[PDB]
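Here the structure is laid out as structure tokens; the discussion comes afterwards.
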Amino acid sequence: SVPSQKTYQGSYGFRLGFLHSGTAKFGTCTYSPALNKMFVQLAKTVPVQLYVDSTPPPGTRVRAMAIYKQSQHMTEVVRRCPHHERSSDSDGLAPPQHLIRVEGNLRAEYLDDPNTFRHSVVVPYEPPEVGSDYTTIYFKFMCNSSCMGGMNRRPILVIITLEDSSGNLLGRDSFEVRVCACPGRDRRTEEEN
Ligand SMILES: [Zn+2]
């Protein structure tokens, strides 16, 4: 039951943006508009902006979930590699098995789908700060794209869904991600083609 990656702006005109780096330090991440792909370093904070034409209702939620981009790997759950999963770096908030974490949000839910077993993280939707037209969410990717036993060099797509309090779909957008040692080098290389 591979999750959908169909872009859907929906009633609120939901879409992502990667124009503002916020507190992310230079060299830790870079986004390629041409490839709609974010390149980031292991465990470094990466800001992603949410935009809506109209503010959604109370109880609206934002979910982030990763899936493999390639057809032959889509049915496989994206998870932490064996090596990083057994590492002791977290107390008990974000499960060691989850690739994606949200940073700086006291209301993050780390979920494991009871049927598909897929991992995702959800936070309540919050409107932009006064004076801004976007909402920033900081993510952290806990494995390198090259991690053996994990992503194992396979490209992934991060799907962001806007949902109501019951889980109904309100909007969807996505972007490819590569977790690597030098985001800029890989972005330049991939843009060559
Ligand atoms: Zn790993």
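All residue numbers in this chain count up from 1 along the given sequence. Counting starts at 1 for both ligands and their atoms, following the listed order.
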- Message: Would you say the ring centers of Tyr51 and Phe14 fall short of 6.0 Å from each other?
- Response: no

- Message: Determine whether the aromatic ring centres of residues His20 and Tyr134 are separated by less than 6.0 angstrom.
- Response: yes

- Query: Roughly how far, to the nearest 0.5 Å, is CG of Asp173 from CD1 of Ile159?
  - Reply: 10.5 Å

- Please determine if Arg187 forms a cation-pi arrangement with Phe39, meaning its NZ or CZ atom is less than 6.0 Å from the six-membered ring centre and no more than 45° off the ring axis. no

- Message: For the Zn ion (ligand 1), which protein N/O/S atoms fall under 2.8 Å? Skip waters.
- Response: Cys81 SG, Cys143 SG, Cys147 SG

- Does a salt bridge link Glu126 with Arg107, judged by any charged N lying under 4.0 Å from a carboxylate O? yes

- Quick one: does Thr60's side chain have a donor or acceptor within less than 3.5 Å of a partner on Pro57's backbone? yes

